[PDB]
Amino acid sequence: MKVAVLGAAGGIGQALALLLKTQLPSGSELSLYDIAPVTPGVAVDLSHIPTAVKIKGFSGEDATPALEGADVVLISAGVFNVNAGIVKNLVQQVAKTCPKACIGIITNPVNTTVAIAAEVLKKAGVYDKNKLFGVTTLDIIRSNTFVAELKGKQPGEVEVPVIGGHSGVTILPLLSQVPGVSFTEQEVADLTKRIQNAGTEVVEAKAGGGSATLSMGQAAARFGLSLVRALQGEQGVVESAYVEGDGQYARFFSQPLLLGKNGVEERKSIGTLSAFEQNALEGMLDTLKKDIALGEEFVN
């Protein structure tokens, strides 16, 4: 399997690339692309780690050599304005060079950029709804951390379902579904708010000087590695991502996905919702739909 990271020179890209270099299956390939001219040496830096993952890096305006042969494309470039055009340009190159790959959109605003990517793929005539993913995994590992801390559980043992979108009120952690624990009314309210604003914690703690890069690299790595396990034939691999699903709530929606050799193998039910969660779901959907329309309109 060959994984291409676009935007590999930024904070998220370098963290992601480091984890993939050390954790992808032996015999994989990792290609790094970023407009920053340092990118070939980010790959050379990583190439000195003795794992059986061949890694090369590319800069300039042409992402094609990084995308040659790619099976998975993870897109972390950017910093709406500028990121809309970057995602559009880069998905255009993906559609021309490796249209059969699975595409993981990390570039935010994920709610909207996944829609941009969809429309660019549709105009290219190669759009496969089962191969376009909004990487929401950072919401899940955050929820796992906060619930484990509150409830005195081991962090690696707690898994919190999170559905919906990837920003603010559209992020819906399903605390009612966490096995073995229950939450008071205040704890639901506090936990949900913290999860929906967790990125702001880092910004304030960085004194406004940066954003979440290292935890985001870890979350993208978790998704990217599960996806590759599935594309190599492992079964029972379930991960949540923002995908063009059936559309019962919105055109794109994050829900549990059984992954397979062709991307999404099955969109799984979001399951039973508490009255709090059903109400938060209904309250955010207009915002989520307008995030989606913004991305559709950028391209069309």
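Start at 1 with the first residue shown and count on from there.
Trainee: What number of residues from the deposited sequence go unmodelled in the gap from residue 79 to residue 80, classed as none, 1 to 3, 4 to 9, or 10 or more?
Mentor: In the deposited sequence, 10 or more residues between these two have no coordinates.
Trainee: Is the mean CA B factor in the deposited entry higher across 264 to 272 or across 48 to 56?
Mentor: Averaged over C-alpha atoms, the B-factors run higher in 264 to 272.
Trainee: Look up the CA B-factors in the entry and say which stretch, 178 to 186 or 134 to 142, has the higher mean.
Mentor: For C-alpha atoms only, the mean B-factor is higher in 178 to 186.
Trainee: In this PDB entry, which of 217, 199, 224, 173 has the top CA B-factor?
Mentor: Among 217, 199, 224, 173, the PDB entry lists the largest C-alpha B-factor for 199.
Trainee: Would you please rank residue 278 by its C-alpha temperature factor against the other modelled residues of its chain and give the third it falls in: lowest, middle or highest?
Mentor: Within its chain, residue 278 is a middle-third residue by C-alpha B-factor, going by the deposited values.
Trainee: Compared with the other modelled residues in the chain, in which third is the CA B-factor of residue 161?
Mentor: For residue 161, whose C-alpha B-factor we compare with every modelled residue in the chain, the answer is the lowest third.
Trainee: Using the temperature factors of the C-alpha atoms in this entry, rank residue 292 within its chain: lowest, middle or highest third.
Mentor: It falls in the top third of the chain.
Trainee: Can you tell me which third, lowest, middle or highest, the CA B-factor of residue 112 falls into for its chain?
Mentor: For residue 112, whose C-alpha B-factor we compare with every modelled residue in the chain, the answer is the middle third.
Trainee: Mind checking which third residue 42 falls in for C-alpha B-factor across the chain?
Mentor: According to the entry, residue 42 has a C-alpha B-factor in the chain's lowest third.
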